[PDB]
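The structure appears right after this line, and notes come after that.
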Amino acid sequence: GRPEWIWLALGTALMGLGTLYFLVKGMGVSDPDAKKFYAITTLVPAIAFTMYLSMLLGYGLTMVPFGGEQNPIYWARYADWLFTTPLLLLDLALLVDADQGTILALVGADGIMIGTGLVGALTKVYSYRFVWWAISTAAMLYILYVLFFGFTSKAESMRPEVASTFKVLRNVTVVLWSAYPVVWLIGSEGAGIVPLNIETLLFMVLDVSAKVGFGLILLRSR
Amino acid sequence: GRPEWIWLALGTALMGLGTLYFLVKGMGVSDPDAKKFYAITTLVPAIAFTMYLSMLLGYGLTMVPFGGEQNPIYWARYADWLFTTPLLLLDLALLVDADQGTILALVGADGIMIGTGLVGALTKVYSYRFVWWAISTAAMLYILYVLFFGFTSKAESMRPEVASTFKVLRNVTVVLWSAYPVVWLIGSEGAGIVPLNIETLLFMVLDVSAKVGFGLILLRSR
Amino acid sequence: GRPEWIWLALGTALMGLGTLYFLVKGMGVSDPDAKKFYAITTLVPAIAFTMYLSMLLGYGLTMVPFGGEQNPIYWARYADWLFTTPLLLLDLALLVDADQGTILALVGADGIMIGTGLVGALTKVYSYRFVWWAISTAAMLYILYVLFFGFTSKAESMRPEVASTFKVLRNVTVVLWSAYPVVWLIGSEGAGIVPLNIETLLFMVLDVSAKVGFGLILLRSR
Ligand SMILES: COP(=O)(O)OC[C@H](O)COP(=O)(O)OC[C@@H](COCC[C@@H](C)CCCC(C)CCCC(C)CCCC(C)C)OCC[C@@H](C)CCC[C@H](C)CCC[C@@H](C)CCCC(C)C
Ligand SMILES: COP(=O)(O)OC[C@H](O)COP(=O)(O)OC[C@@H](COCC[C@@H](C)CCCC(C)CCCC(C)CCCC(C)C)OCC[C@@H](C)CCC[C@H](C)CCC[C@@H](C)CCCC(C)C
Ligand SMILES: COP(=O)(O)OC[C@H](O)COP(=O)(O)OC[C@@H](COCC[C@@H](C)CCCC(C)CCCC(C)CCCC(C)C)OCC[C@@H](C)CCC[C@H](C)CCC[C@@H](C)CCCC(C)C
Ligand SMILES: COP(=O)(O)OC[C@H](O)COP(=O)(O)OC[C@@H](COCC[C@@H](C)CCCC(C)CCCC(C)CCCC(C)C)OCC[C@@H](C)CCC[C@H](C)CCC[C@@H](C)CCCC(C)C
Ligand SMILES: COP(=O)(O)OC[C@H](O)COP(=O)(O)OC[C@@H](COCC[C@@H](C)CCCC(C)CCCC(C)CCCC(C)C)OCC[C@@H](C)CCC[C@H](C)CCC[C@@H](C)CCCC(C)C
Ligand SMILES: COP(=O)(O)OC[C@H](O)COP(=O)(O)OC[C@@H](COCC[C@@H](C)CCCC(C)CCCC(C)CCCC(C)C)OCC[C@@H](C)CCC[C@H](C)CCC[C@@H](C)CCCC(C)C
Ligand SMILES: COP(=O)(O)OC[C@H](O)COP(=O)(O)OC[C@@H](COCC[C@@H](C)CCCC(C)CCCC(C)CCCC(C)C)OCC[C@@H](C)CCC[C@H](C)CCC[C@@H](C)CCCC(C)C
Ligand SMILES: COP(=O)(O)OC[C@H](O)COP(=O)(O)OC[C@@H](COCC[C@@H](C)CCCC(C)CCCC(C)CCCC(C)C)OCC[C@@H](C)CCC[C@H](C)CCC[C@@H](C)CCCC(C)C
Ligand SMILES: COP(=O)(O)OC[C@H](O)COP(=O)(O)OC[C@@H](COCC[C@@H](C)CCCC(C)CCCC(C)CCCC(C)C)OCC[C@@H](C)CCC[C@H](C)CCC[C@@H](C)CCCC(C)C
Ligand SMILES: *C/C=C(C)/C=C/C=C(C)/C=C/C1=C(C)CCCC1(C)C
Ligand SMILES: *C/C=C(C)/C=C/C=C(C)/C=C/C1=C(C)CCCC1(C)C
Ligand SMILES: *C/C=C(C)/C=C/C=C(C)/C=C/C1=C(C)CCCC1(C)C
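Residue numbers (the deposited numbering), protein chains in the order written: chain A, 6 to 227; chain A', 6 to 227; chain A'', 6 to 227. A prime marks a further copy of an entry chain.
In structure tokens form, the structure reads like this:
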């Protein structure tokens, strides 16, 4: 019996309707600037949608063995997180014209975080995961950093409005994101403390508040 | 016995010789503009070539079960279509200087179409495929649309020649492309109406007339 | 027993410390030009690092059968080479402002080389590999070429210093790179001449002298 069905039966709707919501509202008035934007942000919840639906249907659920059991690992998790994250980081650096340097970097720093996440997310040695967990977090903290001391531009010739619009998402990333290693850590694959049911939910409120909500928190603003 | 061998033994040659044909002819005279082009278009048939060869050799053929049989699904199909499609859409939007907005969008709209194609292209529930088929088509129709009402620029300061060169491919995409969901639909994995042999052929005439021919239909023109 | 452990236990350190070395030294003084650079080059050894670590731990080792045995094929090899190569080619074409034409081309020409490498790197017919080996090399020789007669710009309005800095890496790529088909050829999957132990080492001196060293051979210079 799969009782994660409901928390996973609810991330399709939310993410899915979130997309069906940005096109409708999506258009460009005088500067095909928001145009680049209005796009990205639709992609983020849309891509995810196939994933929540992909977990939801029972297709993204393997049964890897940690010397003592045979547990579930929704591999289709890192997949959705694989294409959304570099898209958000783009909504970011874009807004805050961020030298391509921190850009190519920004992403790769991302990429390598999820990938390794994946590796340590399927390994059959109860003691080889966690190490991979280090390198991943380790890396996370690198974008996170560059995101602070980093994207702190030289707000001089720009919209004396961005600031907030920026730091309000810049504060929603540092908080919302930093939660993943923490759950993944003790979830269904970390310590075996919190089992899937609750984790999986901990995971969707973490997602939505990160996408559906995110994009709004921005496109409503200039 | 594999009698799809011949229709699949012929897509290597066509696609393969099609490549060996664009480099030879490929060069740039006054504007490294066609340069960006002459490139893309070589990639399209070349990438494909490894794929027709990859199917052709018997390496891209799985045996997924639809509660009642055990049928073949050339997974190496969505692979070739995974990198060619975003390349063509580029030959397009390029030619028709198309705001990066419709661009990043164009592709992702593509991407998600093939990916999901893949998912519903390997699933073991005779009733979970088709749904995925919806989301894929559903999406197709989104680029298709933006391709019409969409790429209809403001032909003002440009080559009063593009138009045709454009709408002739723009008419070759809307027709040739829209055939895939229709075959995949009843092919060897849809309904089990048309078996592989014929499908596979339906599939290669669909491909070539889409690449070998395509690129020509363009680079011959200015 | 795995005696490749040491040669693979040493590529983590080298590549790993090589990264920990470019950030530290990595910064931008007057032109966020080196900025684009200082980035790429950190990625190259870093990405690799997870891979040497991924081989090193025993996670990237399959057991494919060549009609007569059951041999090892560190599939996690083409993975690291999948993202580093298009990054180096970028350190290159960048430095030598290289029309996007040769650029998009440069990479795809790369991409298809490793991919096919992979295909012929896992196939279970002792006689179908080598063919794939052809198409791969075949392709290699295409970037290699464009790298010579090709990137030979029109050194006119530029740093009368690049030249060397260029041809010294341009000479380190043509030599160091061209060795892979040659080892892969007779290694543990080609002819079965040189077994893993030595190959694997032949392979890491080939790597480092290609990355750790590479990047240095450049960023030290202007
Ligand atoms: C079978 O054996 P075994 O495997 O061993 O056991 C395992 C056992 O199945 C475990 O669970 P449980 O034991 O609890 O039983 C099962 C279940 C009983 O129900 C069955 C009905 C299910 C199928 C309906 C689910 C609805 C859903 C996930 C859609 C949510 C999307 C909407 C509409 C909101 C978006 C718009 C909004 C912003 C206005 O319970 C769990 C079911 C309940 C929690 C469902 C009701 C609440 C949810 C939150 C709203 C959906 C209601 C809709 C009808 C519309 C109204 C909303 C709005 C428009 C006003
Ligand atoms: C009954 O049980 P039992 O049988 O006993 O148990 C037995 C058990 O159930 C079954 O077997 P096994 O244990 O062997 O399972 C092994 C299984 C796991 O590997 C999955 C592949 C994952 C690990 C790789 C994806 C991430 C990645 C490539 C890391 C680096 C990515 C970066 C940094 C890019 C960003 C950089 C930026 C600058 C742009 O498959 C092994 C599969 C192999 C046999 C096949 C070949 C490998 C793949 C297909 C090639 C590489 C492709 C990548 C590009 C992936 C795409 C995403 C990527 C870009 C992030
Ligand atoms: C510089 O001055 P400034 O005033 O900024 O001037 C400029 C001018 O005012 C421009 O306005 P701005 O935009 O800055 O306004 C303000 C801004 C605030 O950000 C808030 C971010 C949201 C995500 C968080 C709200 C909670 C909060 C701030 C309280 C802190 C305490 C916590 C975290 C709880 C601890 C409890 C613990 C025990 C668990 O935005 C406001 C906009 C939002 C209303 C947007 C909507 C988001 C929703 C959540 C998602 C939508 C989709 C849902 C249906 C999916 C999920 C539902 C479900 C599963 C939960
Ligand atoms: C074995 O048991 P089982 O598995 O149970 O059965 C299963 C049973 O094998 C199923 O099939 P079938 O029963 O029919 O028998 C098998 C077969 C008999 O043949 C064997 C010869 C095969 C190997 C030759 C195939 C040729 C090919 C696919 C290349 C096409 C590329 C070219 C040259 C064109 C591009 C240039 C052009 C634009 C000028 O038949 C099927 C074979 C015939 C259909 C092949 C002949 C026609 C094709 C279209 C042209 C190739 C001819 C070349 C020699 C050059 C001439 C062209 C030009 C340059 C002037
Ligand atoms: C005897 O028979 P039996 O044993 O009983 O039957 C048992 C049977 O035969 C064997 O087992 P199973 O049923 O479990 O098979 C499950 C099998 C299928 O999954 C294949 C992976 C496919 C589904 C994923 C590719 C597409 C994708 C990621 C969708 C979204 C892509 C978008 C939207 C990008 C464009 C966006 C734009 C903005 C740039 O593998 C399951 C494999 C897992 C165990 C391993 C981990 C997953 C992978 C490797 C990580 C994700 C990588 C992706 C980036 C893929 C690359 C392409 C992508 C970019 C399009
Ligand atoms: C605005 O005015 P305009 O006049 O445009 O002025 C500007 C100036 O004239 C510039 O010229 P342009 O370019 O526009 O000229 C015209 C243009 C027309 O497009 C035609 C597209 C091709 C793909 C389709 C031809 C068929 C047709 C138009 C008839 C309609 C009826 C159908 C579809 C059949 C229904 C039957 C049903 C029962 C099945 O191009 C002409 C160029 C072509 C000759 C290019 C070559 C393509 C070939 C097919 C592929 C090459 C490789 C092959 C060896 C592989 C496959 C072979 C095999 C498997 C089939
Ligand atoms: C078990 O059964 P079975 O599977 O059948 O057999 C199979 C049988 O295990 C096969 O191998 P072998 O039979 O040979 O026995 C095994 C082994 C015995 O050792 C065990 C100790 C191992 C664990 C230590 C390895 C060290 C390593 C790979 C790190 C290198 C990185 C550094 C420090 C250099 C970077 C900085 C530099 C530029 C300053 O041997 C093989 C072990 C020896 C080759 C190791 C010593 C030399 C290496 C090159 C340097 C590392 C030394 C460090 C302590 C620091 C000093 C360097 C510097 C800072 C001054
Ligand atoms: C006990 O032993 P036994 O069981 O008897 O033996 C049985 C034995 O052990 C187990 O089974 P099998 O033999 O069937 O193994 C088959 C296995 C191998 O395939 C691995 C996938 C590799 C081959 C594909 C990666 C490379 C690629 C896509 C080539 C082209 C790339 C280019 C040119 C891009 C650059 C272009 C540029 C312009 C940007 O998996 C088969 C897996 C399938 C079932 C699942 C679906 C396929 C995948 C997931 C979708 C495609 C994703 C790609 C985008 C890959 C990512 C990297 C790429 C970008 C380079
Ligand atoms: C145009 O005039 P120019 O004079 O250029 O004026 C401009 C001004 O002079 C600017 O200076 P430039 O930069 O051009 O200076 C010169 C340049 C030379 O390039 C040399 C490249 C290195 C990679 C190769 C050195 C060997 C050589 C040239 C001899 C040839 C014979 C061979 C190949 C052996 C045959 C034997 C066979 C039997 C095996 O650079 C010098 C910089 C280097 C010192 C950089 C450091 C690289 C090291 C190797 C890697 C670092 C990390 C290691 C810890 C990892 C691996 C260790 C281990 C496993 C091996
Ligand atoms: C829309 C989805 C988002 C923003 C997902 C973000 C995910 C992370 C920041 C994940 C981090 C992880 C680690 C640092 C280590 C273990 C594995 C992960 C993927 C949970
Ligand atoms: C060179 C190859 C090309 C242009 C391939 C195009 C493929 C499609 C438009 C495929 C569409 C599909 C669906 C809409 C649903 C089912 C799966 C596909 C991939 C056949
Ligand atoms: C940092 C890693 C680098 C620069 C790796 C380069 C690898 C190659 C040039 C590999 C070439 C191959 C072939 C031409 C055929 C067989 C397979 C390969 C991948 C070894």
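Cβ atoms here follow ideal geometry from the backbone N, Cα and C, with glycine treated the same way.
Residue side-chain check: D212/A'' places its Cβ nearer than 7 angstroms to a non-hydrogen atom of ligand 12.
Per the C-alpha coordinates, the member of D38/A, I203/A and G106/A positioned closest to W10/A is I203/A.
Within the model, the alpha-carbon separation for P186/A versus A14/A is close to 23 angstroms. Rounded to the nearest whole angstrom, the CA to CA distance from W12/A'' to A215/A is 43 angstroms. Excluding residues up to 5 positions away in sequence, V69, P70, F71 and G72 lie with their Cβ nearer than 8 angstroms to the Cβ of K129/A' in the same chain. Put simply, the backbone Cα of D212/A is about 16 angstroms away from that of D115/A. A Cβ-Cβ separation of about 35 angstroms leaves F42/A out of contact with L127/A under the 8 angstroms criterion. Following the DSSP letters along the chain, one finds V69/A'' in no alpha helix (DSSP H) but inside the beta strand (DSSP E) bounded by residues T67 to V69. When Cβ-Cβ separations below 8 angstroms define contact, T142/A' makes no contact with chain A. Here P37/A' is near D104/A'', since their CB atoms are less than 8 angstroms apart. Interface residue (Cβ-Cβ distance to chain A less than 8 angstroms): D115/A' is not classified as such.
Residue-level contact by beta carbon holds for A110/A' and chain A, with a gap shorter than 8 angstroms.
Shown in chain order are the members of the region 121-143 of chain A whose Cβ falls below 7 angstroms from a Cβ of chain A'': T121, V124, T128, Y133 and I140. Within its own chain, the residues whose Cβ lies closer than 6 angstroms to the Cβ of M145/A, once the five positions on either side in sequence are excluded, are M118, listed in chain order. Under the rule that a run must span 3 or more residues, no beta strand (DSSP E) segment is found entirely inside the region 16-64 of chain A'. Taking a beta-carbon distance threshold of 8 angstroms, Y64/A' counts as an interface residue toward chain A''.
Within the same chain, and ignoring the five residues on either side of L207/A in sequence, the residues whose Cβ sits closer than 6 angstroms to its Cβ are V188. Chain-ordered, the chain A residues with CB closer than 8 angstroms to the CB of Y43/A'' read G106.
In the three-state scheme derived from DSSP, where H, G and I count as helix and E and B as strand, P91/A'' is classed as helix.
DSSP places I198/A'' outside both helix and strand once states are collapsed to three, so it counts as coil. Here the distance from the Cβ of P8/A' to the nearest heavy atom of ligand 4 is below 7 angstroms. Note that the region 12-31 of chain A touches the region 57-64 of chain A; at least 3 beta-carbon pairs, one per stretch, sit closer than 8 angstroms.
The beta carbon of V167/A lies closer than 8 angstroms to those of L100, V101 and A160 in the same chain, with the five residues before and after it left out.
At a cut-off of 8 angstroms between beta-carbon atoms, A51/A makes contact with chain A'. Note on geometry: alpha-carbon atoms of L190/A' and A196/A' lie some 7 angstroms from one another. Boundaries cannot be given for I191/A'', as no alpha helix (DSSP H) includes it and DSSP labels it neither H nor E. Short note on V217/A: C-beta closer than 7 angstroms to some heavy atom of ligand 3. Excluding the 5 residues flanking it on each side, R134/A has same chain C-beta neighbours closer than 6 angstroms at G125 and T128, in chain order.
For the set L201/A', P165/A' and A143/A', the Cα lying nearest the Cα of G122/A' is the one of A143/A'. One alpha carbon belongs to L87/A, the other to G220/A', and they sit about 32 angstroms apart. Nearest to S158/A'' by alpha-carbon distance, out of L97/A'', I222/A'' and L93/A'', is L97/A''. Setting aside the 5 residues that flank it on each side, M20/A is surrounded in the same chain by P50, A53, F54 and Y57, each with a C-beta closer than 6 angstroms to its C-beta; the list follows chain order. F154/A' has its alpha-carbon roughly 56 angstroms from the corresponding atom of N76/A''. Going by DSSP, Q105/A is part of the alpha helix (DSSP H) stretching over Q105 to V124. Relative to the non-hydrogen atoms of ligand 12, the Cβ of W189/A'' comes within a distance shorter than 7 angstroms of at least one.
The beta carbon of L181/A'' sits closer than 7 angstroms to the beta carbons of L211, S214 and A215 from its chain, once the five residues preceding and following it are set aside; these are given in chain order.
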